[PDB]
Amino acid sequence: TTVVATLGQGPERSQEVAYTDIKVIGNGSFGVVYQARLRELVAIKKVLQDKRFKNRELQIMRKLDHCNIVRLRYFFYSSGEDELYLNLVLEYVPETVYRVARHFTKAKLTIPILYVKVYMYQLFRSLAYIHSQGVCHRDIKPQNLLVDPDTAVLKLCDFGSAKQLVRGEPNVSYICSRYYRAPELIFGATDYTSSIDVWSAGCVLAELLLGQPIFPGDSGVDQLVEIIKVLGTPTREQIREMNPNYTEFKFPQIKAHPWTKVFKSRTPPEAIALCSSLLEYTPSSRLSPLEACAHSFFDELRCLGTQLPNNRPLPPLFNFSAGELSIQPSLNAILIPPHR
Amino acid sequence: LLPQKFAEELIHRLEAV
Ligand SMILES: CC[C@@]1(c2ccccc2)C2=C(CC(C)(C)CC2=O)Nc2n[nH]cc21
Ligand SMILES: [Ca+2]
């Protein structure tokens, strides 16, 4: 099939595009996700859109431009039977962090620590950027992290849950994928911040170190239970920061599992340290995304001459825009290694 | 959704740990 579509980036410029081998990759009322070939493979998300309002995902993507965010190549509209569909044509990336992790778990293997570092730096850098653009992703999970199998480039994708969190506007609590859902959301907070993304990113990191989700809850309440069996019962003051409607209950006091006893032997200490700095009950005690990029755990990526395990160059890690260097300038000396 | 209902559920699950 062939269509005239609008360029994803730049001024409103039209381009005739032609695609074939259209196959459903995923269904659901959240939209339909196809894969097709243009001759490059591409992803197309078809979603029903109320004609009277802008598409939230489209506006966010047209506003982000970063090497660690999936590119919107084109978009076009469609009808069928006021029934309007928006079609987002996105850059196709062969793998996801989820697919890679499952290959390692199926093979009963551990992901090499260097790739954990390379991937998680890029996630944290991408979160720094989108947060600086006013966008909270709200669905950070391995299945939404695209990775190139060869270059180790990581791109965040699926902004269908994403939202600008405006101070004072209530937002939906039952958001994110459950294993990665921040505890304040499980407590039904509506005034949460973009630090829910950092909680989710901490869950990914732990998952890459463990070989399985850190918090595998089978329901909303069991998710809080899985978190508590690791972190211990939140204090009343932590509950107060999450949702003050719960400060007056008597929750049972469960001891924390020591962080160094949560992870396998030979897990790097700085990896454990970073996890504990991200996986904090109180949202404002979680590291900022840029703070996580500057963590000691990523020191290997800043060392002159560090290379990928398949002996290729590291992907772009230090080509910071002027905006990025303005986010938390006091980390700039750490973020930019001396050798520039 | 009611905090008392949710908290009571949570307390019962935590007690079983
Ligand atoms: C084609 C759609 C896809 C995706 C869509 C939504 C979330 C994550 C990834 C996707 C893949 C490869 C895959 C994991 C085998 C299947 C798949 O869903 N790569 C992509 N690149 N851009 C979009 C994608
Ligand atoms: Ca459980």
# chains A, B, ... in the order shown; residues from 1 in each chain; ligands from 1
>>> residues_around(residues="region 216-228 of chain A", least_positions_apart="2", cutoff="7 Å", atoms="only C-alpha atoms", output="list in words")
residues 179, 183, 186, 213, 214, 230, 231, 232 and 233 of chain A; 10 and 14 of chain B
>>> write_last_selection(atoms="N, CA, C and O atoms", output="tab-separated table (two decimals), in the first residue's frame")
chain	number	residue	atom	x	y	z
A	179	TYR	N	4.92	-4.37	37.28
A	179	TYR	CA	6.18	-4.70	37.95
A	179	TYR	C	7.09	-3.48	38.10
A	179	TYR	O	7.96	-3.49	38.98
A	183	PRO	N	5.68	2.97	43.94
A	183	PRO	CA	4.74	2.69	45.05
A	183	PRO	C	3.72	3.79	45.30
A	183	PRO	O	2.59	3.48	45.73
A	186	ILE	N	0.73	2.99	43.36
A	186	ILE	CA	-0.04	1.88	43.93
A	186	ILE	C	-0.85	2.37	45.11
A	186	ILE	O	-1.96	1.88	45.37
A	213	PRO	N	12.32	-9.96	37.15
A	213	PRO	CA	11.84	-8.71	37.76
A	213	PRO	C	12.11	-8.69	39.26
A	213	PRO	O	11.99	-9.71	39.95
A	214	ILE	N	12.52	-7.52	39.75
A	214	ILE	CA	12.81	-7.37	41.18
A	214	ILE	C	11.52	-7.46	42.00
A	214	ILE	O	11.51	-8.02	43.10
A	230	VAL	N	11.41	-6.42	49.97
A	230	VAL	CA	12.78	-6.03	49.66
A	230	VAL	C	13.19	-4.78	50.43
A	230	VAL	O	14.21	-4.79	51.12
A	231	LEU	N	12.41	-3.72	50.35
A	231	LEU	CA	12.73	-2.45	51.00
A	231	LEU	C	12.29	-2.39	52.46
A	231	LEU	O	12.73	-1.49	53.18
A	232	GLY	N	11.47	-3.33	52.92
A	232	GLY	CA	10.87	-3.21	54.24
A	232	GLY	C	9.64	-2.31	54.20
A	232	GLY	O	9.40	-1.58	53.25
A	233	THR	N	8.84	-2.37	55.26
A	233	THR	CA	7.64	-1.54	55.30
A	233	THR	C	8.04	-0.06	55.20
A	233	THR	O	9.01	0.36	55.86
B	10	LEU	N	-3.87	-4.72	52.39
B	10	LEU	CA	-2.42	-4.69	52.49
B	10	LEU	C	-1.95	-5.26	53.83
B	10	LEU	O	-1.00	-6.06	53.88
B	14	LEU	N	0.46	-8.39	54.32
B	14	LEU	CA	1.74	-8.22	55.00
B	14	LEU	C	1.87	-9.16	56.19
B	14	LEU	O	2.95	-9.69	56.46
>>> residues_near_ligand(ligand="ligand 1", cutoff="10 Å", atoms="only C-alpha atoms and all ligand atoms", output="ChimeraX atom specification")
/A:23-26,32-36,41-45,70-72,89-100,141-148,155-160
>>> write_last_selection(atoms="N, CA and C atoms", output="short mmCIF file (atom, residue, chain, number, x, y, z; two decimals), in the first residue's frame")
data_model
loop_
_atom_site.label_atom_id
_atom_site.label_comp_id
_atom_site.auth_asym_id
_atom_site.auth_seq_id
_atom_site.Cartn_x
_atom_site.Cartn_y
_atom_site.Cartn_z
N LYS A 23 2.48 -6.65 8.78
CA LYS A 23 2.18 -7.72 9.73
C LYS A 23 1.88 -7.12 11.10
N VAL A 24 0.81 -7.62 11.73
CA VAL A 24 0.46 -7.16 13.06
C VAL A 24 1.52 -7.64 14.05
N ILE A 25 2.04 -6.71 14.85
CA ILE A 25 3.00 -7.05 15.89
C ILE A 25 2.28 -7.05 17.23
N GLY A 26 1.26 -6.21 17.35
CA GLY A 26 0.48 -6.14 18.57
C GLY A 26 -0.88 -5.50 18.38
N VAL A 32 -3.22 -0.40 17.34
CA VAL A 32 -2.70 -1.56 16.62
C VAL A 32 -1.31 -1.20 16.12
N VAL A 33 -0.34 -2.08 16.38
CA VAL A 33 1.04 -1.85 15.98
C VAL A 33 1.41 -2.85 14.89
N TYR A 34 1.71 -2.34 13.70
CA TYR A 34 2.17 -3.13 12.57
C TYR A 34 3.67 -2.94 12.34
N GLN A 35 4.24 -3.88 11.59
CA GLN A 35 5.57 -3.76 11.01
C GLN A 35 5.46 -3.90 9.50
N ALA A 36 6.21 -3.07 8.77
CA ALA A 36 6.19 -3.10 7.32
C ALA A 36 7.55 -2.66 6.79
N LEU A 41 12.74 -1.63 6.99
CA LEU A 41 11.67 -2.06 7.89
C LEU A 41 11.23 -0.88 8.75
N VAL A 42 9.92 -0.77 8.98
CA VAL A 42 9.36 0.29 9.81
C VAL A 42 8.25 -0.26 10.69
N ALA A 43 7.94 0.50 11.74
CA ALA A 43 6.81 0.24 12.61
C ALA A 43 5.74 1.29 12.36
N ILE A 44 4.48 0.87 12.34
CA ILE A 44 3.36 1.78 12.15
C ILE A 44 2.36 1.54 13.27
N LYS A 45 2.06 2.59 14.03
CA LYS A 45 1.03 2.53 15.06
C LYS A 45 -0.22 3.23 14.54
N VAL A 70 13.16 7.25 20.03
CA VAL A 70 12.77 6.72 18.73
C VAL A 70 12.30 7.85 17.83
N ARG A 71 12.66 7.78 16.55
CA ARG A 71 12.30 8.81 15.59
C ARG A 71 10.93 8.56 14.98
N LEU A 72 10.10 9.60 14.94
CA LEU A 72 8.90 9.58 14.12
C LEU A 72 9.29 9.93 12.69
N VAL A 89 4.42 6.42 11.71
CA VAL A 89 5.45 5.59 11.09
C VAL A 89 6.74 5.87 11.83
N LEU A 90 7.24 4.85 12.52
CA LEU A 90 8.38 5.01 13.40
C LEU A 90 9.57 4.22 12.90
N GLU A 91 10.75 4.74 13.23
CA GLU A 91 12.00 4.05 12.95
C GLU A 91 11.98 2.67 13.59
N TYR A 92 12.38 1.66 12.82
CA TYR A 92 12.35 0.28 13.31
C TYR A 92 13.72 -0.07 13.87
N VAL A 93 13.73 -0.66 15.06
CA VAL A 93 14.95 -1.09 15.73
C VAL A 93 14.80 -2.58 16.01
N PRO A 94 15.76 -3.42 15.61
CA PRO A 94 15.51 -4.88 15.58
C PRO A 94 15.13 -5.51 16.91
N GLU A 95 15.64 -5.00 18.03
CA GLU A 95 15.52 -5.70 19.31
C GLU A 95 14.98 -4.76 20.39
N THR A 96 14.59 -5.37 21.50
CA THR A 96 14.26 -4.63 22.72
C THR A 96 15.10 -5.17 23.86
N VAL A 97 15.19 -4.38 24.93
CA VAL A 97 15.88 -4.86 26.12
C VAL A 97 15.18 -6.10 26.65
N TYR A 98 13.85 -6.13 26.56
CA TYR A 98 13.09 -7.32 26.97
C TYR A 98 13.49 -8.54 26.16
N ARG A 99 13.56 -8.41 24.82
CA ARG A 99 13.89 -9.57 24.01
C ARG A 99 15.30 -10.06 24.33
N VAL A 100 16.24 -9.12 24.48
CA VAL A 100 17.61 -9.49 24.80
C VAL A 100 17.67 -10.19 26.15
N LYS A 141 9.69 0.32 30.83
CA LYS A 141 9.77 -1.12 31.04
C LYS A 141 10.65 -1.70 29.94
N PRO A 142 11.22 -2.90 30.15
CA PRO A 142 12.15 -3.45 29.14
C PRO A 142 11.54 -3.53 27.76
N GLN A 143 10.24 -3.83 27.67
CA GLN A 143 9.65 -3.97 26.35
C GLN A 143 9.59 -2.66 25.58
N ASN A 144 9.79 -1.52 26.24
CA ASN A 144 9.73 -0.22 25.58
C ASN A 144 11.10 0.39 25.34
N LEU A 145 12.17 -0.37 25.53
CA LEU A 145 13.54 0.10 25.27
C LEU A 145 14.07 -0.62 24.04
N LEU A 146 14.11 0.09 22.92
CA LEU A 146 14.69 -0.46 21.69
C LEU A 146 16.20 -0.46 21.79
N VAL A 147 16.82 -1.53 21.30
CA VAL A 147 18.28 -1.65 21.29
C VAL A 147 18.73 -2.23 19.97
N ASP A 148 19.79 -1.64 19.41
CA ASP A 148 20.44 -2.20 18.23
C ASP A 148 21.38 -3.32 18.65
N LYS A 155 17.08 3.32 22.36
CA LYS A 155 16.10 4.37 22.09
C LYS A 155 14.83 4.07 22.88
N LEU A 156 14.31 5.08 23.56
CA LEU A 156 13.03 4.96 24.24
C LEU A 156 11.91 5.09 23.22
N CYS A 157 10.88 4.25 23.33
CA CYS A 157 9.78 4.30 22.38
C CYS A 157 8.45 4.12 23.12
N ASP A 158 7.35 4.14 22.36
CA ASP A 158 5.98 4.03 22.89
C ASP A 158 5.66 5.14 23.90
N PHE A 159 5.46 6.33 23.35
CA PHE A 159 4.99 7.48 24.12
C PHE A 159 3.46 7.55 24.21
N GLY A 160 2.78 6.41 24.04
CA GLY A 160 1.33 6.40 24.13
C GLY A 160 0.79 6.58 25.54
#
>>> select_by_dssp(residues="chain B", states="helix (DSSP H, G or I)", output="list in words")
residues 3, 4, 5, 6, 7, 8, 9, 10, 11, 12, 13, 14 and 15 of chain B
>>> write_last_selection(atoms="N, CA and C atoms", output="PDB file, in the first residue's frame")
ATOM      1  N   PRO B   3      -9.329   4.044  50.941  1.00  0.00           N
ATOM      2  CA  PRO B   3      -8.057   3.724  51.613  1.00  0.00           C
ATOM      3  C   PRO B   3      -8.198   2.682  52.707  1.00  0.00           C
ATOM      4  N   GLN B   4      -9.301   2.694  53.461  1.00  0.00           N
ATOM      5  CA  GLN B   4      -9.460   1.693  54.508  1.00  0.00           C
ATOM      6  C   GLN B   4      -9.513   0.293  53.913  1.00  0.00           C
ATOM      7  N   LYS B   5     -10.267   0.117  52.826  1.00  0.00           N
ATOM      8  CA  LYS B   5     -10.349  -1.197  52.198  1.00  0.00           C
ATOM      9  C   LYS B   5      -8.987  -1.640  51.685  1.00  0.00           C
ATOM     10  N   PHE B   6      -8.272  -0.742  51.000  1.00  0.00           N
ATOM     11  CA  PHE B   6      -6.979  -1.110  50.444  1.00  0.00           C
ATOM     12  C   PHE B   6      -5.983  -1.405  51.556  1.00  0.00           C
ATOM     13  N   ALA B   7      -5.933  -0.537  52.573  1.00  0.00           N
ATOM     14  CA  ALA B   7      -4.987  -0.725  53.670  1.00  0.00           C
ATOM     15  C   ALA B   7      -5.248  -2.030  54.408  1.00  0.00           C
ATOM     16  N   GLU B   8      -6.520  -2.350  54.662  1.00  0.00           N
ATOM     17  CA  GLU B   8      -6.845  -3.607  55.327  1.00  0.00           C
ATOM     18  C   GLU B   8      -6.394  -4.803  54.496  1.00  0.00           C
ATOM     19  N   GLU B   9      -6.599  -4.748  53.177  1.00  0.00           N
ATOM     20  CA  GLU B   9      -6.058  -5.793  52.315  1.00  0.00           C
ATOM     21  C   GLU B   9      -4.545  -5.877  52.458  1.00  0.00           C
ATOM     22  N   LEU B  10      -3.871  -4.725  52.388  1.00  0.00           N
ATOM     23  CA  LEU B  10      -2.416  -4.694  52.492  1.00  0.00           C
ATOM     24  C   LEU B  10      -1.949  -5.261  53.826  1.00  0.00           C
ATOM     25  N   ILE B  11      -2.621  -4.878  54.913  1.00  0.00           N
ATOM     26  CA  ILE B  11      -2.250  -5.364  56.239  1.00  0.00           C
ATOM     27  C   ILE B  11      -2.398  -6.878  56.311  1.00  0.00           C
ATOM     28  N   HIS B  12      -3.488  -7.412  55.759  1.00  0.00           N
ATOM     29  CA  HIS B  12      -3.672  -8.857  55.763  1.00  0.00           C
ATOM     30  C   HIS B  12      -2.601  -9.572  54.947  1.00  0.00           C
ATOM     31  N   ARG B  13      -2.240  -9.030  53.778  1.00  0.00           N
ATOM     32  CA  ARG B  13      -1.173  -9.640  52.988  1.00  0.00           C
ATOM     33  C   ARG B  13       0.180  -9.529  53.684  1.00  0.00           C
ATOM     34  N   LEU B  14       0.462  -8.385  54.315  1.00  0.00           N
ATOM     35  CA  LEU B  14       1.742  -8.216  54.998  1.00  0.00           C
ATOM     36  C   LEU B  14       1.866  -9.162  56.186  1.00  0.00           C
ATOM     37  N   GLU B  15       0.773  -9.365  56.909  1.00  0.00           N
ATOM     38  CA  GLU B  15       0.783 -10.276  58.047  1.00  0.00           C
ATOM     39  C   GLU B  15       1.140 -11.698  57.648  1.00  0.00           C
TER      40      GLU B  15
END
>>> atom_distance(atom1="CA of residue 37 (chain A)", atom2="CA of residue 69 (chain A)")
20.8 Å
>>> closest_residue(among="A:27, A:128, A:189, A:84", to="residue 50 (chain A)", atoms="only C-alpha atoms")
A:84
>>> atom_distance(atom1="CA of residue 198 (chain A)", atom2="CA of residue 174 (chain A)")
16.8 Å
>>> residues_around(residues="residue 105 (chain A)", least_positions_apart="4", cutoff="12 Å", atoms="only C-alpha atoms", output="PyMOL selection string")
chain A and resi 98-101+109-111+207-213
>>> atom_distance(atom1="CA of residue 133 (chain A)", atom2="CA of residue 291 (chain A)")
17.1 Å
>>> residues_around(residues="residue 126 (chain A)", least_positions_apart="6", cutoff="10 Å", atoms="only C-alpha atoms", output="mmCIF file with C-alpha atoms, in the first residue's frame")
data_model
loop_
_atom_site.group_PDB
_atom_site.id
_atom_site.type_symbol
_atom_site.label_atom_id
_atom_site.label_comp_id
_atom_site.auth_asym_id
_atom_site.auth_seq_id
_atom_site.Cartn_x
_atom_site.Cartn_y
_atom_site.Cartn_z
ATOM 1 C CA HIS A 66 17.372 13.202 20.830
ATOM 2 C CA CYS A 67 19.641 10.330 19.794
ATOM 3 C CA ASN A 68 18.093 8.134 22.552
ATOM 4 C CA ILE A 69 14.428 8.673 21.530
ATOM 5 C CA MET A 120 21.101 1.968 31.445
ATOM 6 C CA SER A 132 13.620 18.589 30.585
ATOM 7 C CA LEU A 154 19.229 2.373 22.977
ATOM 8 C CA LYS A 155 16.104 4.369 22.094
ATOM 9 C CA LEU A 156 13.030 4.961 24.239
ATOM 10 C CA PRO A 289 18.131 11.013 35.739
ATOM 11 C CA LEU A 290 21.269 13.078 35.131
#
>>> decode(residues="region 261-291 of chain A", atoms="N, CA and C atoms", output="JSON list (two decimals), in the first residue's frame")
[["chain", "number", "residue", "atom", "x", "y", "z"],
["A", 261, "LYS", "N", 22.29, -8.60, 49.83],
["A", 261, "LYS", "CA", 21.78, -9.97, 49.84],
["A", 261, "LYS", "C", 20.60, -10.15, 48.89],
["A", 262, "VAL", "N", 20.20, -9.09, 48.19],
["A", 262, "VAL", "CA", 19.16, -9.19, 47.17],
["A", 262, "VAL", "C", 19.74, -9.68, 45.85],
["A", 263, "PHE", "N", 20.97, -9.28, 45.55],
["A", 263, "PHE", "CA", 21.58, -9.56, 44.26],
["A", 263, "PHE", "C", 22.56, -10.72, 44.36],
["A", 264, "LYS", "N", 22.86, -11.30, 43.20],
["A", 264, "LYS", "CA", 23.73, -12.46, 43.18],
["A", 264, "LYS", "C", 25.12, -12.07, 43.68],
["A", 265, "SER", "N", 25.87, -13.07, 44.12],
["A", 265, "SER", "CA", 27.26, -12.84, 44.45],
["A", 265, "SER", "C", 27.97, -12.32, 43.21],
["A", 266, "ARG", "N", 28.93, -11.42, 43.41],
["A", 266, "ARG", "CA", 29.73, -10.77, 42.36],
["A", 266, "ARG", "C", 28.95, -9.71, 41.60],
["A", 267, "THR", "N", 27.73, -9.36, 42.02],
["A", 267, "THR", "CA", 27.12, -8.15, 41.50],
["A", 267, "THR", "C", 27.96, -6.95, 41.94],
["A", 268, "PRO", "N", 28.32, -6.05, 41.04],
["A", 268, "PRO", "CA", 29.19, -4.92, 41.41],
["A", 268, "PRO", "C", 28.56, -4.10, 42.52],
["A", 269, "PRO", "N", 29.36, -3.68, 43.51],
["A", 269, "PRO", "CA", 28.80, -2.86, 44.59],
["A", 269, "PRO", "C", 28.17, -1.57, 44.11],
["A", 270, "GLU", "N", 28.77, -0.90, 43.12],
["A", 270, "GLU", "CA", 28.20, 0.35, 42.64],
["A", 270, "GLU", "C", 26.88, 0.13, 41.93],
["A", 271, "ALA", "N", 26.70, -1.03, 41.30],
["A", 271, "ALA", "CA", 25.39, -1.37, 40.73],
["A", 271, "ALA", "C", 24.33, -1.46, 41.82],
["A", 272, "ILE", "N", 24.65, -2.15, 42.92],
["A", 272, "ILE", "CA", 23.73, -2.24, 44.05],
["A", 272, "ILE", "C", 23.47, -0.85, 44.62],
["A", 273, "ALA", "N", 24.54, -0.04, 44.75],
["A", 273, "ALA", "CA", 24.40, 1.31, 45.28],
["A", 273, "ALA", "C", 23.42, 2.13, 44.44],
["A", 274, "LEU", "N", 23.58, 2.09, 43.12],
["A", 274, "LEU", "CA", 22.69, 2.84, 42.25],
["A", 274, "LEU", "C", 21.25, 2.39, 42.41],
["A", 275, "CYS", "N", 21.02, 1.07, 42.44],
["A", 275, "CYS", "CA", 19.66, 0.57, 42.63],
["A", 275, "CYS", "C", 19.02, 1.17, 43.87],
["A", 276, "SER", "N", 19.74, 1.12, 44.99],
["A", 276, "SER", "CA", 19.18, 1.62, 46.24],
["A", 276, "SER", "C", 18.94, 3.13, 46.22],
["A", 277, "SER", "N", 19.68, 3.88, 45.40],
["A", 277, "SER", "CA", 19.45, 5.31, 45.28],
["A", 277, "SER", "C", 18.29, 5.65, 44.35],
["A", 278, "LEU", "N", 17.87, 4.71, 43.51],
["A", 278, "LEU", "CA", 16.73, 4.93, 42.63],
["A", 278, "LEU", "C", 15.44, 4.40, 43.24],
["A", 279, "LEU", "N", 15.54, 3.28, 43.95],
["A", 279, "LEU", "CA", 14.37, 2.57, 44.46],
["A", 279, "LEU", "C", 14.06, 3.06, 45.87],
["A", 280, "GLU", "N", 13.69, 4.33, 45.94],
["A", 280, "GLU", "CA", 13.36, 5.00, 47.20],
["A", 280, "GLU", "C", 11.86, 5.22, 47.27],
["A", 281, "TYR", "N", 11.25, 4.90, 48.42],
["A", 281, "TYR", "CA", 9.83, 5.19, 48.61],
["A", 281, "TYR", "C", 9.52, 6.65, 48.37],
["A", 282, "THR", "N", 10.25, 7.54, 49.03],
["A", 282, "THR", "CA", 9.96, 8.95, 48.91],
["A", 282, "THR", "C", 10.37, 9.42, 47.51],
["A", 283, "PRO", "N", 9.44, 9.92, 46.70],
["A", 283, "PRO", "CA", 9.79, 10.21, 45.30],
["A", 283, "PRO", "C", 10.92, 11.21, 45.16],
["A", 284, "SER", "N", 10.97, 12.21, 46.04],
["A", 284, "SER", "CA", 11.98, 13.25, 45.94],
["A", 284, "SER", "C", 13.37, 12.81, 46.42],
["A", 285, "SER", "N", 13.49, 11.65, 47.05],
["A", 285, "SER", "CA", 14.79, 11.08, 47.38],
["A", 285, "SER", "C", 15.41, 10.27, 46.24],
["A", 286, "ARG", "N", 14.67, 9.98, 45.18],
["A", 286, "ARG", "CA", 15.24, 9.28, 44.03],
["A", 286, "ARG", "C", 16.20, 10.20, 43.28],
["A", 287, "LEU", "N", 17.28, 9.61, 42.78],
["A", 287, "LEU", "CA", 18.22, 10.35, 41.94],
["A", 287, "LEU", "C", 17.50, 10.98, 40.76],
["A", 288, "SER", "N", 17.93, 12.18, 40.39],
["A", 288, "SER", "CA", 17.54, 12.73, 39.10],
["A", 288, "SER", "C", 18.16, 11.87, 38.00],
["A", 289, "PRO", "N", 17.54, 11.83, 36.81],
["A", 289, "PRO", "CA", 18.13, 11.01, 35.74],
["A", 289, "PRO", "C", 19.57, 11.39, 35.44],
["A", 290, "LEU", "N", 19.89, 12.68, 35.39],
["A", 290, "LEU", "CA", 21.27, 13.08, 35.13],
["A", 290, "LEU", "C", 22.19, 12.66, 36.27],
["A", 291, "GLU", "N", 21.70, 12.75, 37.52],
["A", 291, "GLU", "CA", 22.47, 12.25, 38.66],
["A", 291, "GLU", "C", 22.80, 10.78, 38.48]]
